[PDB]
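Protein chains in written order, with the deposited numbering: chain B, 54 to 106; chain A, 264 to 316.
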Amino acid sequence: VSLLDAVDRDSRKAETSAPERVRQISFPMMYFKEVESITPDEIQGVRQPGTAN
Amino acid sequence: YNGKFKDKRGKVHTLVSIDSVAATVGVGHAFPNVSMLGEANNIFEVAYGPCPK
């Protein structure tokens, strides 16, 4: 909206306001993935750090 | 003892033999008999281990 301007009474002129604006948008999204595996060679004869045998 | 076996390549392996000795020369191996000692038999043993599974 904006201010309003005075007009002569007898001229009978006026003002008007412009219409509204509508718009649309969109978004992509991020994908994350990772992998891990366990094999017997990790437990064959491997001592635990905090113990003896 | 006349035992003999064949390899995948067809090579014949005689159980009673001495390496680098002609077959025509008599050959034999001597050892003591300990089988009757049973659980106290500490002279001959066979070890066995786990598989990678």
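Backbone N, C-alpha and C fix where the C-beta goes; we use that ideal spot for every residue, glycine too.
- By a beta-carbon distance limit of 8 Å, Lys267(A) contacts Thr277(A). Their separation comes to about 5 Å.
- Looking at the DSSP output, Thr277(A) bridges to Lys267(A).
- It is roughly 19 Å from the alpha-carbon of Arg74(B) to the alpha-carbon of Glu68(B).
- Beta-carbon to beta-carbon, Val290(A) and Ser280(A) are separated by about 6 Å, close enough to satisfy the 8 Å threshold.
- If you draw a straight line from the Cα of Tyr84(B) to the Cα of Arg76(B), it comes to about 28 Å.
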